[PDB]
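Asks: Structure below; questions to follow.
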Amino acid sequence: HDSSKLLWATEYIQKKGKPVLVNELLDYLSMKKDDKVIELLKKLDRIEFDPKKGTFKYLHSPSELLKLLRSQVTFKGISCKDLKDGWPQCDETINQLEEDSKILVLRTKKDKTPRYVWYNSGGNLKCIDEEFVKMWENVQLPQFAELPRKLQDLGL
Amino acid sequence: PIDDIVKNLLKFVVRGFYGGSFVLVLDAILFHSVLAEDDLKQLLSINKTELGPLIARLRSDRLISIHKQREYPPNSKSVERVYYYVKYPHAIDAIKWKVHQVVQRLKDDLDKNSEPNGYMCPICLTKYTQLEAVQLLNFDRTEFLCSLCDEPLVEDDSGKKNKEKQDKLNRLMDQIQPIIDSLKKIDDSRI
Ligand SMILES: [Zn+2]
């Protein structure tokens with residue numbers, strides 16, 4: 001197919017992840033040997049095609065992830081799949097760049113912690129003791145503007 | 001502006017006293033004044049099973065409240081906009097009340113375990129004291145036997161717990177200082 005073979009090459013190109021010879025790539029899968037896959041690759045951003053020698057890349061750094069997190073303010077949500085093909089082991093980078101340096105959405109630690117784009121200042125704020133969270137949650141937040149009334153009584 | 005410190009303190013308490021997905025949604029809500037839930041859903045890119053409770057906590061914390069903002073759809077139907085409206089005065093006042101209830105409780109804990117006096121029996125495990133037992137001292141004895149087991153007693157209490165409570169108030173004040181920094185800073189204009 002025109003869509004299956006070119007997609008097969010792009011994943012094959014994606015799997016390589018390095019600038020390979022235009023001859024090394026075409027024989028890599030033995031499927032994208034027609035000009036349609038290359039033309040689709042050149043017409044699209046799936047495979048980076050340039051007038052120079054055979055170089056296959058995307059159209060990627062912990063610093064850039066900060067830029068990426070900054071660029072995802074007031075915007076949609078992106079998975080870490082482009083962050084996992086995208087500076088491999090960004091989970092290491094997220095844990096190392098903790099405290100908002102590489103924020104994460106850790107739904108659970110069994111799916112490579114599939115996270116999203118998150119922007120924060122403190123990010124981690126693990127200084128707050130766990131019991132303090134309990135005794136924080138131990139307190140139930142009250143009703144309407146008597147809450148300003150109670151605290152003026154307390155002087156807050 | 002005073003609102004950013006209101007926002008910054010909110011992100012502080014909710015990153016410290018709540019999870020990260022809480023601050024992800026709060027920023028998401030803070031990303032747009034009138035934010036559709038659908039855009040919020042795609043930003044999180046997670047199931048509704050992981051979006052609602054975080055919004056519920058923000059509603060419970062009164063940091064952000066649900067506003068029935070008039071949305072007139074173009075499909076000849078009636079669709080509301082699920083756009084969160086941040087209730088800042090009720091956000092900070094509630095946080096203060098939590099702060100006030102958390103500090104006095106742990107303050108009360110400090111006074112709970114301060115002073116040792118009284119015995120026990122360690123055989124039948126019944127508590128004792130100076131006085132009831134000195135009633136029980138015998139002229140031929142130096143130590144207080146037990147009424148029950150006829151078997152001498154031991155002392156019991158430990159002020160260690162008061163020290164344990166002293167550290168907790170120390171720990172809570174260290175945790176609460178940036179919170180009460182922002183609150184008083186917010187308290188200038190009541191915003
Ligand atoms: Zn006894």
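Identifiers in this document derive from the order of the structure tokens: chains are assigned A, B, ..., residues are numbered from 1 separately in each chain, and ligands are numbered from 1 in order of occurrence.
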Step by step, measure atom-to-atom distances between ligand 1 and each residue using only C-alpha atoms and all ligand atoms, keep those at most 10 Å, then write them as a PyMOL selection string.

Replies: chain B and resi 120-128+145-154

Asks: Grab the residues selected above and save them as a PDB file, in the first residue's frame with N, CA and C atoms.

Replies:
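Okay, out_9.pdb is ready:
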```pdb
ATOM      1  N   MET B 120       2.394   1.290  86.961  1.00  0.00           N
ATOM      2  CA  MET B 120       1.530   0.223  86.473  1.00  0.00           C
ATOM      3  C   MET B 120       1.781  -1.010  87.315  1.00  0.00           C
ATOM      4  N   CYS B 121       1.080  -2.046  86.984  1.00  0.00           N
ATOM      5  CA  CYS B 121       1.563  -3.391  87.201  1.00  0.00           C
ATOM      6  C   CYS B 121       1.958  -3.956  85.854  1.00  0.00           C
ATOM      7  N   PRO B 122       3.099  -4.613  85.724  1.00  0.00           N
ATOM      8  CA  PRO B 122       3.450  -5.225  84.437  1.00  0.00           C
ATOM      9  C   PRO B 122       3.075  -6.698  84.339  1.00  0.00           C
ATOM     10  N   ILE B 123       2.365  -7.222  85.341  1.00  0.00           N
ATOM     11  CA  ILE B 123       1.958  -8.628  85.321  1.00  0.00           C
ATOM     12  C   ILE B 123       0.512  -8.758  84.857  1.00  0.00           C
ATOM     13  N   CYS B 124      -0.415  -8.167  85.609  1.00  0.00           N
ATOM     14  CA  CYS B 124      -1.805  -8.047  85.196  1.00  0.00           C
ATOM     15  C   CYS B 124      -2.067  -6.744  84.457  1.00  0.00           C
ATOM     16  N   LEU B 125      -1.028  -5.932  84.258  1.00  0.00           N
ATOM     17  CA  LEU B 125      -1.037  -4.828  83.298  1.00  0.00           C
ATOM     18  C   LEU B 125      -2.087  -3.770  83.629  1.00  0.00           C
ATOM     19  N   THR B 126      -2.305  -3.529  84.916  1.00  0.00           N
ATOM     20  CA  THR B 126      -3.199  -2.475  85.372  1.00  0.00           C
ATOM     21  C   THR B 126      -2.373  -1.278  85.823  1.00  0.00           C
ATOM     22  N   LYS B 127      -2.812  -0.086  85.439  1.00  0.00           N
ATOM     23  CA  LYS B 127      -2.062   1.135  85.678  1.00  0.00           C
ATOM     24  C   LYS B 127      -2.107   1.499  87.164  1.00  0.00           C
ATOM     25  N   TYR B 128      -1.037   2.129  87.654  1.00  0.00           N
ATOM     26  CA  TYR B 128      -0.996   2.572  89.050  1.00  0.00           C
ATOM     27  C   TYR B 128      -0.353   3.953  89.129  1.00  0.00           C
ATOM     28  N   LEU B 145       3.410  -3.472  96.367  1.00  0.00           N
ATOM     29  CA  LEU B 145       2.894  -4.707  95.797  1.00  0.00           C
ATOM     30  C   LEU B 145       1.663  -4.350  94.967  1.00  0.00           C
ATOM     31  N   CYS B 146       1.030  -5.337  94.348  1.00  0.00           N
ATOM     32  CA  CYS B 146      -0.210  -5.110  93.623  1.00  0.00           C
ATOM     33  C   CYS B 146      -1.360  -5.607  94.482  1.00  0.00           C
ATOM     34  N   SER B 147      -2.481  -4.888  94.448  1.00  0.00           N
ATOM     35  CA  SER B 147      -3.694  -5.416  95.062  1.00  0.00           C
ATOM     36  C   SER B 147      -4.129  -6.699  94.368  1.00  0.00           C
ATOM     37  N   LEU B 148      -4.106  -6.701  93.033  1.00  0.00           N
ATOM     38  CA  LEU B 148      -4.662  -7.814  92.272  1.00  0.00           C
ATOM     39  C   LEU B 148      -3.791  -9.056  92.388  1.00  0.00           C
ATOM     40  N   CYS B 149      -2.572  -8.990  91.857  1.00  0.00           N
ATOM     41  CA  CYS B 149      -1.714 -10.162  91.759  1.00  0.00           C
ATOM     42  C   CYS B 149      -0.787 -10.305  92.953  1.00  0.00           C
ATOM     43  N   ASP B 150      -0.799  -9.340  93.871  1.00  0.00           N
ATOM     44  CA  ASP B 150       0.048  -9.374  95.060  1.00  0.00           C
ATOM     45  C   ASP B 150       1.520  -9.401  94.648  1.00  0.00           C
ATOM     46  N   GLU B 151       1.871  -8.513  93.723  1.00  0.00           N
ATOM     47  CA  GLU B 151       3.134  -8.582  93.003  1.00  0.00           C
ATOM     48  C   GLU B 151       3.591  -7.179  92.624  1.00  0.00           C
ATOM     49  N   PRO B 152       4.799  -6.781  93.044  1.00  0.00           N
ATOM     50  CA  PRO B 152       5.151  -5.353  93.083  1.00  0.00           C
ATOM     51  C   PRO B 152       5.203  -4.689  91.713  1.00  0.00           C
ATOM     52  N   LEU B 153       5.100  -3.360  91.739  1.00  0.00           N
ATOM     53  CA  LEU B 153       4.745  -2.543  90.593  1.00  0.00           C
ATOM     54  C   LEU B 153       5.983  -1.969  89.909  1.00  0.00           C
ATOM     55  N   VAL B 154       5.740  -1.135  88.895  1.00  0.00           N
ATOM     56  CA  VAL B 154       6.769  -0.390  88.183  1.00  0.00           C
ATOM     57  C   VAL B 154       6.208   0.977  87.819  1.00  0.00           C
TER      58      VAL B 154
END
```

Asks: Give me the chain B side of the contact with chain A, cut-off 9 Å, one line per residue showing its nearest atom pair and distance in Å at one decimal, counting only C-alpha atoms, sorted by chain and residue number, as CSV.

Replies:
```
residue,atom,partner,partner_atom,distance
B:8,CA,A:121,CA,8.4
B:11,CA,A:122,CA,8.1
B:12,CA,A:122,CA,7.1
B:13,CA,A:128,CA,8.6
B:15,CA,A:125,CA,5.7
B:16,CA,A:128,CA,5.0
B:17,CA,A:133,CA,4.7
B:18,CA,A:133,CA,7.0
B:19,CA,A:124,CA,8.9
B:20,CA,A:105,CA,7.0
B:21,CA,A:105,CA,6.2
B:23,CA,A:120,CA,7.8
B:24,CA,A:118,CA,6.1
B:27,CA,A:119,CA,7.7
B:28,CA,A:74,CA,6.7
B:29,CA,A:74,CA,8.8
B:30,CA,A:74,CA,8.2
B:31,CA,A:74,CA,4.5
B:32,CA,A:74,CA,6.5
B:39,CA,A:76,CA,6.6
B:40,CA,A:76,CA,7.6
B:41,CA,A:77,CA,8.3
B:42,CA,A:77,CA,5.4
B:43,CA,A:77,CA,3.4
B:44,CA,A:77,CA,5.7
B:45,CA,A:77,CA,5.7
B:46,CA,A:107,CA,8.4
B:50,CA,A:107,CA,7.9
B:60,CA,A:141,CA,7.0
B:61,CA,A:141,CA,6.8
B:62,CA,A:141,CA,8.5
B:89,CA,A:148,CA,8.1
B:90,CA,A:147,CA,7.5
B:93,CA,A:148,CA,6.2
B:94,CA,A:141,CA,5.6
B:95,CA,A:141,CA,7.8
B:96,CA,A:156,CA,7.6
B:97,CA,A:141,CA,7.2
B:98,CA,A:139,CA,5.7
B:99,CA,A:136,CA,7.5
B:100,CA,A:154,CA,8.9
B:101,CA,A:139,CA,6.6
B:102,CA,A:135,CA,6.2
B:105,CA,A:135,CA,8.7
B:106,CA,A:135,CA,9.0
B:168,CA,A:132,CA,9.0
B:171,CA,A:129,CA,7.9
B:172,CA,A:132,CA,7.1
B:174,CA,A:128,CA,9.0
B:175,CA,A:128,CA,5.8
B:176,CA,A:128,CA,8.8
B:183,CA,A:156,CA,8.8
B:184,CA,A:156,CA,8.2
B:187,CA,A:156,CA,8.0
```

Asks: Could you check which of A:109, A:60, A:67, A:5 is closest to residue 41 of chain A, using only C-alpha atoms?

Replies: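 Closest candidate: A:5.
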
Asks: How would you write, as a list in words, the set of residues in segment 62-160 of chain B that DSSP gives as strand (DSSP E)?

Replies: residues 65, 66, 67, 68, 69, 81, 82, 83, 84, 85, 119, 120, 154 and 155 of chain B

Asks: Grab the residues selected above and save them as a tab-separated table (two decimals), in the first residue's frame with C-alpha atoms.

Replies:
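Final output, out_31.tsv:
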```tsv
chain	number	residue	atom	x	y	z
B	65	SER	CA	-15.21	26.90	41.31
B	66	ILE	CA	-17.53	25.76	38.53
B	67	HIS	CA	-19.10	28.70	36.70
B	68	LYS	CA	-22.29	28.23	34.67
B	69	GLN	CA	-20.92	30.54	32.00
B	81	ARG	CA	-19.38	25.85	29.10
B	82	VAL	CA	-17.66	23.98	31.95
B	83	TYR	CA	-15.32	26.87	32.73
B	84	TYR	CA	-13.71	27.06	36.15
B	85	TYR	CA	-13.97	30.36	38.02
B	119	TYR	CA	2.89	3.40	88.02
B	120	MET	CA	1.53	0.22	86.47
B	154	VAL	CA	6.77	-0.39	88.18
B	155	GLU	CA	6.72	3.24	87.09
```

Asks: For atom CA of residue 4 of chain B and atom CA of residue 152 of chain A, quote the distance in Å rounded to one decimal.

Replies: 23.4 Å

Asks: Show which residues sit within 9 Å of residue 83 of chain A, as a PyMOL selection string. Count only C-alpha atoms, and ignore same-chain residues fewer than 6 positions away.

Replies: chain A and resi 60+65+89-91

Asks: As number ranges by chain, please: every residue in chain A that a backbone DSSP assignment puts in helix (DSSP H, G or I).

Replies: A: 2-16, 22-29, 35-43, 62-71, 81-84, 90-96, 130-137, 146-154

Asks: Work out how far apart atom CA of residue 164 of chain B and atom CA of residue 113 of chain B are and give it in Å to one decimal.

Replies: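 Computing it gives 9.2 Å between the two atoms.
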
Asks: Provide the atom CA of residue 110 of chain B to atom CA of residue 158 of chain B distance in Å, to one decimal place.

Replies: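 Atom CA of residue 158 of chain B lies at a distance of 13.2 Å from atom CA of residue 110 of chain B.
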